[PDB]
>>> print(open('start_3.tsv').read())   # TSV, C-alpha atoms
chain	number	residue	atom	x	y	z
A	1	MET	CA	33.42	44.91	119.44
A	2	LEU	CA	31.49	42.84	116.87
A	3	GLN	CA	33.32	40.46	114.54
A	4	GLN	CA	32.43	38.83	111.22
A	5	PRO	CA	32.51	35.06	110.64
A	6	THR	CA	32.94	35.79	106.94
A	7	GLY	CA	29.16	35.88	106.73
A	8	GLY	CA	29.66	39.59	107.23
A	9	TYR	CA	27.76	42.19	109.26
A	10	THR	CA	25.01	41.95	106.61
A	11	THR	CA	24.36	38.34	107.66
A	12	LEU	CA	22.95	39.91	110.82
A	13	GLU	CA	19.61	41.06	112.23
A	14	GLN	CA	21.29	43.90	114.16
A	15	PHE	CA	20.86	46.13	111.10
A	16	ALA	CA	18.72	45.20	108.09
A	17	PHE	CA	17.57	47.30	105.16
A	18	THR	CA	13.78	47.32	104.90
A	19	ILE	CA	11.45	49.71	103.11
A	20	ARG	CA	8.07	50.55	104.62
A	21	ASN	CA	5.11	50.42	102.26
A	22	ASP	CA	1.79	48.60	101.82
A	23	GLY	CA	0.61	49.30	105.37
A	24	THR	CA	3.29	47.02	106.82
A	25	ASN	CA	7.11	46.78	106.52
A	26	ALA	CA	8.68	44.89	103.59
A	27	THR	CA	12.11	43.81	102.31
A	28	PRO	CA	13.55	45.43	99.10
A	29	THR	CA	12.99	42.18	97.12
A	30	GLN	CA	9.19	42.41	97.50
A	31	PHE	CA	9.12	46.06	96.39
A	32	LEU	CA	10.99	45.83	93.07
A	33	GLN	CA	8.43	43.43	91.63
A	34	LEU	CA	6.11	46.39	91.02
A	35	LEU	CA	8.55	48.17	88.68
A	36	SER	CA	7.31	47.38	85.16
A	37	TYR	CA	8.90	48.95	82.07
A	38	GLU	CA	8.77	49.31	78.28
A	39	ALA	CA	11.06	50.84	75.63
A	40	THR	CA	11.39	54.23	73.87
A	41	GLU	CA	14.26	53.62	71.32
A	42	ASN	CA	17.47	55.48	72.36
A	43	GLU	CA	20.22	52.88	72.83
A	44	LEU	CA	21.99	53.24	76.18
A	45	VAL	CA	25.26	51.34	75.70
A	46	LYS	CA	27.71	50.27	78.43
A	47	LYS	CA	30.99	52.19	78.32
A	48	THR	CA	34.18	51.31	80.23
A	49	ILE	CA	34.82	52.60	83.76
A	50	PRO	CA	38.17	54.39	84.34
A	51	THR	CA	40.12	53.35	87.45
A	52	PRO	CA	40.30	55.76	90.43
A	53	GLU	CA	43.43	57.66	91.50
A	54	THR	CA	45.41	56.20	94.39
A	55	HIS	CA	46.34	59.43	96.09
A	56	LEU	CA	44.44	59.75	99.36
A	57	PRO	CA	43.56	63.21	100.72
A	58	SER	CA	44.93	64.21	104.11
A	59	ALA	CA	42.60	64.38	107.07
A	60	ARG	CA	43.48	67.88	108.17
A	61	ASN	CA	44.00	67.87	111.89
A	62	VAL	CA	40.64	67.98	113.61
A	63	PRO	CA	39.80	67.85	117.34
A	64	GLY	CA	36.42	66.46	118.39
A	65	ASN	CA	34.85	63.86	116.11
A	66	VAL	CA	32.64	64.13	113.02
A	67	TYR	CA	29.89	61.71	112.02
A	68	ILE	CA	31.64	60.46	108.90
A	69	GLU	CA	28.66	58.15	108.17
A	70	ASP	CA	26.04	60.93	108.34
A	71	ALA	CA	27.41	62.84	105.34
A	72	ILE	CA	27.85	59.76	103.10
A	73	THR	CA	24.06	59.25	103.16
A	74	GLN	CA	23.09	62.90	103.76
A	75	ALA	CA	24.54	63.64	100.32
A	76	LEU	CA	23.47	60.60	98.24
A	77	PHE	CA	19.89	60.09	99.38
A	78	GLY	CA	19.53	63.23	101.37
A	79	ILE	CA	15.96	64.37	100.92
A	80	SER	CA	15.76	67.71	102.68
A	81	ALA	CA	17.41	70.33	100.60
A	82	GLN	CA	21.14	70.01	101.02
A	83	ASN	CA	23.19	73.08	100.25
A	84	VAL	CA	26.70	73.14	98.91
A	85	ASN	CA	28.69	70.31	100.41
A	86	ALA	CA	31.75	70.16	98.14
A	87	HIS	CA	33.48	71.54	101.23
A	88	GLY	CA	33.64	69.73	104.58
A	89	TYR	CA	35.13	67.26	107.04
A	90	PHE	CA	34.54	64.49	104.51
A	91	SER	CA	37.93	62.76	104.55
A	92	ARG	CA	38.64	61.98	108.21
A	93	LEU	CA	38.24	58.47	106.77
A	94	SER	CA	41.89	58.28	105.63
A	95	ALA	CA	42.94	58.52	109.29
A	96	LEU	CA	41.84	54.87	109.55
A	97	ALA	CA	43.72	53.73	106.42
A	98	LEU	CA	47.12	53.47	108.15
A	99	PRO	CA	48.19	50.22	109.96
A	100	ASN	CA	48.51	50.91	113.71
A	101	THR	CA	46.11	53.86	114.31
A	102	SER	CA	44.07	54.18	117.51
A	103	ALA	CA	41.14	56.04	115.90
A	104	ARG	CA	38.16	53.68	115.80
A	105	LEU	CA	34.92	53.56	113.82
A	106	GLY	CA	31.87	52.81	115.98
A	107	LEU	CA	28.45	51.44	115.15
A	108	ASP	CA	25.63	53.96	114.52
A	109	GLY	CA	28.01	55.94	112.25
A	110	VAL	CA	30.71	57.91	114.11
A	111	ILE	CA	34.53	58.17	113.95
A	112	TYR	CA	36.13	58.37	117.42
A	113	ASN	CA	39.67	59.64	117.98
A	114	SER	CA	40.25	57.26	120.87
A	115	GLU	CA	38.07	54.31	121.61
A	116	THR	CA	35.93	55.47	124.51
A	117	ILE	CA	33.96	53.66	127.20
A	118	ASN	CA	30.77	51.69	126.32
A	119	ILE	CA	30.78	52.05	122.51
A	120	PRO	CA	30.44	49.04	120.13
A	121	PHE	CA	32.60	49.36	117.01
A	122	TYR	CA	33.47	47.41	113.85
A	123	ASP	CA	36.60	45.24	113.71
A	124	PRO	CA	39.77	47.43	113.41
A	125	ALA	CA	41.29	45.09	110.77
A	126	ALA	CA	38.45	45.00	108.22
A	127	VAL	CA	37.74	48.74	108.50
A	128	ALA	CA	41.23	49.32	107.07
A	129	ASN	CA	40.46	48.04	103.55
A	130	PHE	CA	37.17	49.98	103.53
A	131	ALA	CA	39.22	53.17	104.01
A	132	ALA	CA	41.99	52.51	101.45
A	133	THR	CA	39.12	52.65	98.93
A	134	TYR	CA	36.53	55.11	100.31
A	135	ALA	CA	38.77	57.71	101.98
A	136	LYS	CA	39.56	58.34	98.31
A	137	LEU	CA	36.10	59.98	98.29
A	138	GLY	CA	37.62	63.01	100.07
A	139	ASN	CA	38.83	64.53	96.81
A	140	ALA	CA	35.41	64.59	95.13
A	141	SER	CA	35.50	68.26	94.09
A	142	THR	CA	39.23	68.83	93.57
A	143	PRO	CA	39.69	69.90	89.93
A	144	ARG	CA	41.53	67.30	87.84
A	145	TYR	CA	40.14	64.53	90.07
A	146	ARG	CA	36.34	64.64	89.94
A	147	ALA	CA	34.61	61.86	88.03
A	148	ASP	CA	32.36	62.43	85.00
A	149	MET	CA	28.68	63.00	85.65
A	150	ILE	CA	27.35	61.38	82.48
A	151	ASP	CA	28.72	57.96	81.50
A	152	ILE	CA	28.41	56.22	84.90
A	153	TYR	CA	24.64	56.64	84.74
A	154	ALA	CA	24.61	54.33	81.74
A	155	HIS	CA	26.05	51.74	84.12
A	156	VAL	CA	23.37	52.50	86.71
A	157	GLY	CA	20.30	51.90	84.50
A	158	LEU	CA	21.61	48.56	83.26
A	159	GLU	CA	21.50	47.48	86.92
A	160	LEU	CA	18.05	48.19	88.39
A	161	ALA	CA	16.12	47.80	85.10
A	162	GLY	CA	18.32	45.55	82.96
A	163	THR	CA	17.00	42.05	82.30
A	164	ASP	CA	20.03	39.71	82.18
A	165	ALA	CA	19.20	38.82	78.56
A	166	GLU	CA	20.54	42.34	77.92
A	167	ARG	CA	23.52	42.87	80.28
A	168	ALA	CA	25.25	39.76	78.87
A	169	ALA	CA	25.54	41.69	75.58
A	170	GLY	CA	26.37	45.07	77.15
A	171	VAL	CA	23.64	46.98	75.33
A	172	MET	CA	20.03	47.83	76.16
A	173	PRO	CA	17.09	50.00	74.99
A	174	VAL	CA	16.34	53.09	77.12
A	175	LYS	CA	13.41	52.31	79.42
A	176	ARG	CA	10.56	54.24	81.05
A	177	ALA	CA	9.79	52.70	84.44
A	178	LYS	CA	6.45	52.87	86.14
A	179	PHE	CA	5.27	51.19	89.33
A	180	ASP	CA	2.02	51.66	91.29
A	181	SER	CA	2.05	54.20	94.13
A	182	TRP	CA	0.30	55.78	97.11
A	183	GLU	CA	0.60	59.35	98.50
A	184	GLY	CA	4.07	60.83	98.99
A	185	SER	CA	5.78	58.00	97.23
A	186	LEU	CA	9.23	58.93	95.96
A	187	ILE	CA	9.80	61.36	98.86
A	188	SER	CA	8.68	58.71	101.38
A	189	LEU	CA	11.23	56.11	100.24
A	190	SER	CA	13.94	58.76	100.70
A	191	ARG	CA	12.99	59.68	104.30
A	192	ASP	CA	13.02	55.88	104.70
A	193	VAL	CA	16.19	54.62	102.96
A	194	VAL	CA	18.26	57.39	104.61
A	195	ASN	CA	18.43	55.68	108.02
A	196	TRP	CA	19.75	52.32	106.81
A	197	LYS	CA	23.31	51.99	108.18
A	198	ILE	CA	25.14	52.07	104.82
A	199	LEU	CA	28.51	51.41	106.52
A	200	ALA	CA	27.16	48.00	107.57
A	201	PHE	CA	27.11	47.16	103.85
A	202	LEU	CA	30.19	48.81	102.29
A	203	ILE	CA	32.58	47.21	104.79
A	204	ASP	CA	31.56	43.77	103.59
A	205	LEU	CA	32.37	44.54	99.96
A	206	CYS	CA	36.10	45.15	100.58
A	207	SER	CA	36.75	42.19	102.93
A	208	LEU	CA	34.61	39.11	102.22
A	209	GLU	CA	36.49	36.70	99.96
A	210	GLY	CA	35.54	34.69	96.90
A	211	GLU	CA	33.83	31.98	98.91
A	212	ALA	CA	31.62	34.46	100.78
A	213	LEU	CA	31.63	37.13	98.05
A	214	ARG	CA	29.76	35.13	95.40
A	215	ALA	CA	27.25	34.27	98.14
A	216	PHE	CA	27.31	37.84	99.49
A	217	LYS	CA	26.62	39.38	96.05
A	218	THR	CA	23.62	37.06	95.60
A	219	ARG	CA	21.72	38.03	98.77
A	220	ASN	CA	22.57	41.73	98.50
A	221	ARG	CA	22.26	42.46	94.78
A	222	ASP	CA	18.87	43.78	95.94
A	223	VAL	CA	19.84	46.07	98.84
A	224	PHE	CA	21.99	47.64	96.12
A	225	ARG	CA	19.13	47.79	93.59
A	226	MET	CA	17.20	49.80	96.19
A	227	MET	CA	19.64	52.59	97.12
A	228	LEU	CA	20.25	52.76	93.36
A	229	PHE	CA	16.61	53.41	92.44
A	230	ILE	CA	16.08	56.42	94.71
A	231	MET	CA	19.48	57.77	93.66
A	232	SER	CA	18.11	57.55	90.08
A	233	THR	CA	14.86	59.53	90.45
A	234	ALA	CA	17.09	62.41	91.53
A	235	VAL	CA	18.15	62.53	87.87
A	236	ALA	CA	15.18	61.53	85.65
A	237	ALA	CA	13.62	64.23	83.44
A	238	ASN	CA	9.92	63.70	84.37
A	239	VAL	CA	7.77	62.19	87.16
A	240	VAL	CA	4.23	62.67	85.76
A	241	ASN	CA	1.78	60.11	87.16
A	242	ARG	CA	-0.63	58.30	84.84
A	243	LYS	CA	-4.21	57.61	85.93
A	244	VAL	CA	-6.30	54.44	85.65
A	245	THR	CA	-9.92	54.44	86.94
A	246	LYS	CA	-9.06	54.51	90.66
A	247	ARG	CA	-5.38	53.52	90.45
A	248	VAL	CA	-2.30	55.76	90.12
A	249	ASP	CA	1.06	55.02	88.45
A	250	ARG	CA	4.38	56.84	88.94
A	251	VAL	CA	5.80	56.82	85.45
A	252	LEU	CA	9.43	57.87	85.55
A	253	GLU	CA	10.72	59.55	82.40
A	254	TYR	CA	14.11	58.08	81.50
A	255	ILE	CA	15.89	55.89	84.04
A	256	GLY	CA	19.56	55.34	83.13
A	257	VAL	CA	20.11	58.46	81.02
A	258	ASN	CA	21.38	61.40	82.97
A	259	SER	CA	19.98	64.91	82.65
A	260	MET	CA	21.18	67.76	84.88
A	261	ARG	CA	18.17	68.80	87.00
A	262	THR	CA	15.48	66.97	88.96
A	263	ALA	CA	12.05	66.12	87.70
A	264	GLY	CA	10.93	66.15	91.33
A	265	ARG	CA	11.21	69.83	92.20
A	266	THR	CA	8.41	69.23	94.70
A	267	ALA	CA	7.30	65.67	93.89
A	268	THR	CA	10.63	63.89	94.48
A	269	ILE	CA	14.14	64.20	95.96
A	270	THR	CA	16.49	66.81	94.44
A	271	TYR	CA	20.23	67.10	93.77
A	272	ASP	CA	22.46	70.18	93.44
A	273	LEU	CA	25.56	71.10	91.38
A	274	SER	CA	27.90	70.34	94.30
A	275	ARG	CA	26.15	66.95	94.61
A	276	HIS	CA	26.43	65.98	90.91
A	277	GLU	CA	30.21	65.78	91.30
A	278	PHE	CA	29.70	63.77	94.49
A	279	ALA	CA	27.32	61.12	93.10
A	280	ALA	CA	29.71	60.52	90.19
A	281	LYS	CA	32.62	60.04	92.60
A	282	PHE	CA	30.63	57.55	94.70
A	283	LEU	CA	29.02	55.65	91.80
A	284	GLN	CA	32.41	55.33	90.09
A	285	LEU	CA	34.29	54.21	93.23
A	286	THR	CA	31.69	51.64	94.22
A	287	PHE	CA	31.17	49.97	90.86
A	288	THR	CA	34.75	48.81	90.50
A	289	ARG	CA	34.47	47.20	93.93
A	290	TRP	CA	31.08	45.64	93.17
A	291	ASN	CA	31.38	44.59	89.56
B	940	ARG	CA	88.02	71.46	115.81
B	941	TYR	CA	90.33	74.07	114.27
B	942	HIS	CA	91.35	77.19	116.15
B	943	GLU	CA	89.21	79.90	114.53
B	944	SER	CA	90.26	83.56	114.71
B	945	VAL	CA	90.27	86.70	112.52
B	946	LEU	CA	92.44	87.83	109.58
B	947	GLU	CA	93.41	91.29	108.29
B	948	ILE	CA	93.13	93.38	105.12
B	949	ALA	CA	96.28	95.00	106.53
B	950	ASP	CA	98.44	91.90	105.89
B	951	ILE	CA	97.24	90.25	102.67
B	952	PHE	CA	96.52	92.94	100.09
B	953	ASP	CA	99.23	95.51	100.94
B	954	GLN	CA	99.53	98.38	98.49
B	955	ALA	CA	102.06	101.21	99.04
B	956	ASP	CA	99.07	103.53	98.56
B	957	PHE	CA	95.40	103.09	99.65
B	958	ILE	CA	96.30	100.66	102.44
B	959	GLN	CA	98.49	102.38	105.02
B	960	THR	CA	101.04	99.71	105.87
B	961	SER	CA	103.48	100.97	108.48
B	962	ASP	CA	103.99	98.62	111.44
B	963	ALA	CA	104.83	101.55	113.72
B	964	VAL	CA	101.22	102.62	113.07
B	965	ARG	CA	100.07	98.97	113.13
B	966	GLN	CA	101.37	99.07	116.71
B	967	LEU	CA	99.51	102.39	117.10
B	968	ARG	CA	96.27	100.93	115.71
B	969	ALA	CA	96.37	97.95	118.11
B	970	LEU	CA	95.54	100.09	121.17
B	971	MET	CA	92.17	101.85	120.64
B	972	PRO	CA	88.98	100.59	122.40
B	973	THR	CA	87.15	99.09	119.37
B	974	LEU	CA	85.52	101.94	117.41
B	975	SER	CA	81.98	101.87	116.01
B	976	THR	CA	80.47	104.20	113.39
B	977	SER	CA	79.44	106.75	116.04
B	978	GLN	CA	82.81	106.74	117.86
B	979	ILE	CA	84.64	107.52	114.61
B	980	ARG	CA	82.01	110.15	113.71
B	981	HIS	CA	82.57	112.20	116.88
B	982	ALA	CA	86.31	111.79	116.15
B	983	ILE	CA	85.90	113.66	112.84
B	984	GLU	CA	83.97	116.31	114.81
B	985	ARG	CA	86.14	117.22	117.81
B	986	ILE	CA	89.01	117.70	115.34
B	987	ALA	CA	86.94	120.45	113.66
B	988	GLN	CA	86.78	123.13	116.39
C	693	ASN	CA	74.24	103.65	112.40
C	694	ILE	CA	72.15	101.17	114.43
C	695	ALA	CA	73.80	97.73	114.05
C	696	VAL	CA	76.47	98.40	116.73
C	697	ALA	CA	73.91	99.27	119.43
C	698	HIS	CA	71.72	96.48	118.02
C	699	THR	CA	74.17	93.56	118.04
C	700	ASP	CA	75.81	94.29	121.42
C	701	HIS	CA	73.55	95.85	124.06
C	702	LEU	CA	70.42	94.19	122.60
C	703	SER	CA	72.24	90.91	121.80
C	704	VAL	CA	73.17	90.19	125.44
C	705	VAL	CA	69.49	90.82	126.32
C	706	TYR	CA	68.16	87.73	124.48
C	707	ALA	CA	71.20	85.67	125.52
C	708	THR	CA	70.11	85.87	129.17
C	709	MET	CA	66.34	85.93	128.57
C	710	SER	CA	66.58	82.60	126.72
C	711	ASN	CA	66.94	80.79	130.06
C	712	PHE	CA	64.33	82.25	132.42
C	713	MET	CA	62.47	80.31	135.15
C	714	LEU	CA	59.12	80.04	133.37
C	715	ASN	CA	60.08	79.67	129.68
C	716	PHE	CA	60.05	75.97	128.78
C	717	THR	CA	59.13	75.27	125.13
C	718	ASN	CA	61.29	75.54	122.00
C	719	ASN	CA	60.39	78.27	119.50
C	720	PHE	CA	63.64	77.79	117.52
C	721	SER	CA	63.70	78.73	113.82
C	722	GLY	CA	67.16	78.41	112.27
C	723	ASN	CA	65.88	76.20	109.47
C	724	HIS	CA	62.66	77.37	107.78
C	725	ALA	CA	62.89	74.33	105.48
C	726	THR	CA	62.06	71.91	108.32
C	727	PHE	CA	60.58	72.72	111.76
C	728	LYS	CA	57.34	71.76	113.57
C	729	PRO	CA	55.75	72.58	117.00
C	730	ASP	CA	55.49	68.89	118.14
C	731	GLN	CA	52.52	69.71	120.42
C	732	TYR	CA	51.22	67.58	123.31
C	733	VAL	CA	47.64	66.77	124.35
C	734	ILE	CA	45.78	66.06	127.60
C	735	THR	CA	43.67	62.96	126.88
C	736	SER	CA	41.93	60.38	129.07
C	737	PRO	CA	40.83	56.87	127.96
C	738	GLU	CA	37.39	57.85	129.32
C	739	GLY	CA	36.39	60.38	126.62
C	740	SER	CA	38.32	63.63	127.14
C	741	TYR	CA	40.30	65.90	124.80
>>> encode(input="start_3.tsv", output="structure tokens")
Amino acid sequence: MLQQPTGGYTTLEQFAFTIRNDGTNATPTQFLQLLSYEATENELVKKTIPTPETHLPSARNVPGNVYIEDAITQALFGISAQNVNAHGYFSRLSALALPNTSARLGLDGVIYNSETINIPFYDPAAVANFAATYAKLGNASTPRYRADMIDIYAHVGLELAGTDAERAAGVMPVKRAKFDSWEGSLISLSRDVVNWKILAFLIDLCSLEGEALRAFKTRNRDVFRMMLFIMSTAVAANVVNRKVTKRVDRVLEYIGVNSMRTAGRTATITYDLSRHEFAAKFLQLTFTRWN
Amino acid sequence: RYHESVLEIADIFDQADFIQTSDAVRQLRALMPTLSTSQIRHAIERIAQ
Amino acid sequence: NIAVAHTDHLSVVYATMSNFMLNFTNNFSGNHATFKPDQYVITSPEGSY
């Protein structure tokens, strides 16, 4: 029954987000330094983000317990081909949104009906606010509710590849980002970033207050710029790798502009139609909370 | 409460024709053992032969 | 031609059968606008459902 000192569960060594590359294991901060980019002249301008709709879906009665956490990641950064998922037990979340409920949310990423014996879980009070915002992710494919899978991506590219000199004006030149690679590359970061404990992050966003939110956003603006990069190569138009003499570069076509089908096919992670609606519903919901 | 019972079409709605209103036969009618649609059918059947 | 033998001999059948030894739950439906089963569950604090 862990608690947060307002440092948050992210101020802990229990679960930390680390990519493995370079023959040893490294933190996200060290990785991003390799991403160097130029310009190709198609101005990607920051639009406004429309507020979400308050209505929460109903968690249709369900016996047993689903791994609510699993699906959140298994859709966003899921590597292995994921079939249609617009359907599913994806809104049991809202059953935590009400005041007095007994249903608890454990560590590891499960949603128990009744707290059982020997299972460590997040604090029942700070998991409430996380739900009154993310249980709203249940209606991701209901017509007349789904977000728009175009404009948010403009917001995304201004984040992982936008030098501050640009974001302070709200406009930037479309970039083509290439870092140096190894073998599997793009697919390897996916099989890696999947098992990260995303819930250990999102809970902090909706609780931690201005004192420990300005400090929280400063140490974690990088764990965000990591699960935002992989989520981006699932959109880019090309992945062709340039060649030096012995070196290899993974030029990525157009980060921040959204096409409709993956450049990866075989080389990188791939999305599906049912997932395009999903990524837009996540990316929209999370940005208001972050920004 | 209110003591609930049954009314009559025999009282309200009297017409010299179409509603047979003779109390001598009202006395006659208040004797039979509650007819159905089958009891009255066999009545207009025994009277035939 | 049915209603008489349907709301008398068959009516007293349910009237008695409503209160048998074994029957225990309420399956009442005199208001289709609002009625729910109000089910119970056998649960232990040590992981059982």
>>> interface_residues(input="start_3.tsv", of="chain C", to="chain B", cutoff="10 Å", atoms="all atoms listed in the file", output="number ranges by chain")
C: 693-697
>>> interface_residues(input="start_3.tsv", of="chain C", to="chain A", cutoff="7 Å", atoms="all atoms listed in the file", output="PyMOL selection string")
chain C and resi 737-739
>>> residues_around(input="start_3.tsv", residues="residue 153 of chain A", least_positions_apart="3", cutoff="8 Å", atoms="only C-alpha atoms", output="PyMOL selection string")
chain A and resi 149-150+156-157+256-258
>>> atom_distance(input="start_3.tsv", atom1="atom CA of residue 715 of chain C", atom2="atom CA of residue 702 of chain C")
19.2 Å
>>> atom_distance(input="start_3.tsv", atom1="atom CA of residue 253 of chain A", atom2="atom CA of residue 176 of chain A")
5.5 Å
>>> atom_distance(input="start_3.tsv", atom1="atom CA of residue 740 of chain C", atom2="atom CA of residue 138 of chain A")
27.1 Å
